[PDB]
Number of protein chains: 4
Amino acid sequence: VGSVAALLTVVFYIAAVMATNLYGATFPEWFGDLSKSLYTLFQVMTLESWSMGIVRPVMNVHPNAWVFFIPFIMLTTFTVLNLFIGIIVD
Amino acid sequence: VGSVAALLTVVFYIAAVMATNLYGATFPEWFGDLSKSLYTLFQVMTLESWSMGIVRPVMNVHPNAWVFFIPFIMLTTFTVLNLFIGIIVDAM
Amino acid sequence: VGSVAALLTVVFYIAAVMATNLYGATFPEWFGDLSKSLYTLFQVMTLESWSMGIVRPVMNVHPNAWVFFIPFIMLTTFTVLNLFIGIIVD
Amino acid sequence: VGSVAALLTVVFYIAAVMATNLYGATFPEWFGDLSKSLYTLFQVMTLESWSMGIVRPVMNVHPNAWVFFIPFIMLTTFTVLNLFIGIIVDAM
Ligand SMILES: CCCCCCCCCC(=O)N(CCO)C[C@@H](O)[C@@H](O)[C@@H](O)[C@@H](O)CO
Ligand SMILES: CCCCCCCCCC(=O)N(CCO)C[C@@H](O)[C@@H](O)[C@@H](O)[C@@H](O)CO
Ligand SMILES: CCCCCCCCCC(=O)N(CCO)C[C@@H](O)[C@@H](O)[C@@H](O)[C@@H](O)CO
Ligand SMILES: CCCCCCCCCC(=O)N(CCO)C[C@@H](O)[C@@H](O)[C@@H](O)[C@@H](O)CO
Ligand SMILES: [Br-]
Ligand SMILES: [Br-]
């Protein structure tokens, strides 16, 4: 659990660094600085408006943005759902 | 369960009190009274348009509103998911 | 499981009957007939756009509509999450 | 897990093939080719704007589209939730 939430903090920070670089200039409100990025990626992790709100408007400028976001979702969502069911049994 | 759902009820009322104060005058439709607040926070707990619908339009006036909402989400969401998985086992 | 999904079918049909009556005339696209109602309530059960999309536009005509929807959500969501974790162990 | 995720991959490809055919010409942005379809159906599996965003605008042209989408959701959502809860236990 302490390890799982260590992993996910690193994945979160690394993903927000990458996204700040990738989409910062084209999507300033969502990714213009690292703080805007950790927030948006938390939102994307909660699946809230991820495609209609974030990823489709992004794909109109970066057609392959799905290569970043979908695996990100798959990893954080699985890691969160592991952290939660971990803390419980623990 | 009985105690978990007591904790979550208190957290819920305290959060709705706090939010009524914090965002009530700037965001009356969502937080103008305690009843509007308990509803909106139930919605935020379900994750339904929490960011594009609530929190981003709020951060345009209160840039740190994320300090309230995100931990609220993390607490309730985890506590809810624990309450439900509790009830189930508690009948096994 | 067979019992749980019997309960939830009855709750679903009863809720869609009630909603067709309550919000049918004021909200025809969402509740104008029983079929429109079972669909909308499936959507509400998945939590998709439930408040910004359905319940808030409804509360502008029926202020207490939350008395119906919130318990409905609480019941179906708990029953679904019981049916799923049931089938698994079964 | 290895077999569950094989099943879900096949279901996913078959569904995206079917949807490309069914809704491709009426809804090109969402289903105009198999790649647009696999993406849109991943989104529908996450429940993200599935009804207000996808399925309701689709039912305005294909009134029975719900016969495809709802069972798709029920199948993938259940299978995904089974795959994840499988992996976890499979390492206990
Ligand atoms: C899992 C851990 C997730 C952690 C999430 C932390 C987010 C941090 C956000 C932050 O520090 N902000 C600055 C607050 O001063 C908010 C920014 O996102 C900001 O640039 C804008 O989004 C808004 O201010 C627009 O109104
Ligand atoms: C987990 C427990 C969550 C409990 C949630 C209780 C919500 C109570 C809402 C309520 O009592 N209202 C007043 C009913 O008279 C509705 C208000 O939220 C209202 O100000 C507006 O949202 C609408 O009327 C808009 O048209
Ligand atoms: C858990 C079980 C959930 C079952 C859900 C079943 C929904 C049945 C919907 C149905 O039979 N329709 C008629 C199809 O002919 C669709 C209606 O909802 C319709 O009145 C409109 O919504 C659209 O046609 C608008 O374009
Ligand atoms: C579970 C596995 C899910 C796999 C999902 C794969 C999606 C593949 C998407 C893809 O290959 N695209 C082409 C990239 O060149 C993107 C398309 O969906 C595209 O037609 C549009 O959506 C955007 O380009 C809009 O601007
Ligand atoms: Br809930
Ligand atoms: Br997923």
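For this coordinate set, the PDB header names X-ray crystallography as the determination method and states a resolution of 3.43 Å.

**Brief notes about the overall build of chain B**
Of the regular secondary structure elements, chain B holds 5 helices and 0 strands. Considering only C-alpha atoms, chain B reaches an extent of 50 × 20 × 20 Å along its principal axes. Considering only contacts within chain B whose residues lie at least 6 apart along the sequence, 60% involve residues at least 24 apart.

**Remarks on the overall build of chain A**
The number of helices and strands found in chain A is 5 helices and 0 strands. Reading chain A from its N end, one meets helices and strands in the order α-α-α-α-α. Radius of gyration (C-alpha) of chain A: 14 Å, near the 12 Å computed for a compact globule of 90 residues. Relative to its full complement of 90 residues, chain A shows a buried share of 48%. For chain A, long-range pairs separated by at least 24 residues make up 59% of all intrachain contacts whose partners lie at least 6 apart in sequence.

**Considering the interface of chain B and chain A**
With 17 residues of chain B at the contact, the number on the chain A side is 14 residues. Together, the buried faces of chain B and chain A total about 1300 Å²; carbon and sulfur atoms form 74% of this surface. Of all residues in chain B, the largest losses of buried area upon contact with chain A belong to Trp50(B), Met52(B) and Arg56(B), amounting jointly to 39% of the total for that side. The tally of links from chain B across to chain A stands at 0 salt bridges. The tally of links from chain B across to chain A stands at 7 residue pairs in polar contact. When residues of the side of chain B that touches chain A are traced back to their parent elements, those giving at least two are α4 (50-59) and α5 (66-89) of chain B. Looking at the side of chain B that touches chain A element by element, the count peaks at 9 residues for α5(B). In terms of residue class, the side of chain B that touches chain A is built from 12 nonpolar, 4 polar and 1 charged.

**Some details on the arrangement of the chains**
When C-alpha atoms are compared, chain A and chain C, though not in contact, are closest at a spacing of 10 Å. Taking C-alpha atoms as the reference, chain B and chain D come no closer than 10 Å and do not contact one another.

**Describing the site of ligand 2**
Around ligand 2, a shell composed of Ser35(B), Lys36(B), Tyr39(B), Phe42(B), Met59(C), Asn60(C), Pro63(C), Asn64(C), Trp66(C) and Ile70(C) is seen. Looking at the residues close to ligand 2, they fall on chains B and C. Within the backbone of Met59(C), a nitrogen or oxygen atom sits 3.0 Å from an oxygen atom of ligand 2. In this structure, an oxygen atom belonging to ligand 2 sits 3.3 Å away from a side-chain N or O atom of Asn64(C). Burial of ligand 2 by the protein chains amounts to 70% of its free accessible area of 660 Å². Listing elements by their share of the shell around ligand 2, those giving two or more residues are α3 (34-45) of chain B together with α5 (66-89) of chain C. The element that contributes the greatest number of residues to the shell around ligand 2 is α3(B), accounting for 4 residues.

Cut-offs used in this document
- Residues numbered from 1 in each chain as written, not as in the entry; some residues may be left out.
- Chains lettered and ligands numbered in written order.
- Heavy atoms only, no water.
- Residues with missing side-chain atoms left out of burial classes, pairs and counts.
- Helix = DSSP H or I, 4+ residues; strand = E, 2+ residues; numbered from the N terminus.
- Contact = heavy atoms within 4.5 Å.
- Rg over C-alpha atoms; globule rule 2.2 N^0.38 Å.
- Buried < 20%, exposed > 50% of the residue type's maximum accessible area, 1.4 Å probe, protein only.
- Buried area = accessible area lost by both parts, 1.4 Å probe.
- Salt bridge = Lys/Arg side-chain N within 4 Å of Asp/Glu carboxyl O.
- Polar contact = N/O pair within 3.5 Å; in protein donor to acceptor, adjacent residues only side chain to side chain.
- Nonpolar A, V, L, I, M, F, W, Y, C, P; charged D, E, K, R; others polar.
- Near = heavy atom within 4 Å.
- Areas by Shrake-Rupley, 256 points an atom, 1.4 Å probe, with all protein chains shown as cover.

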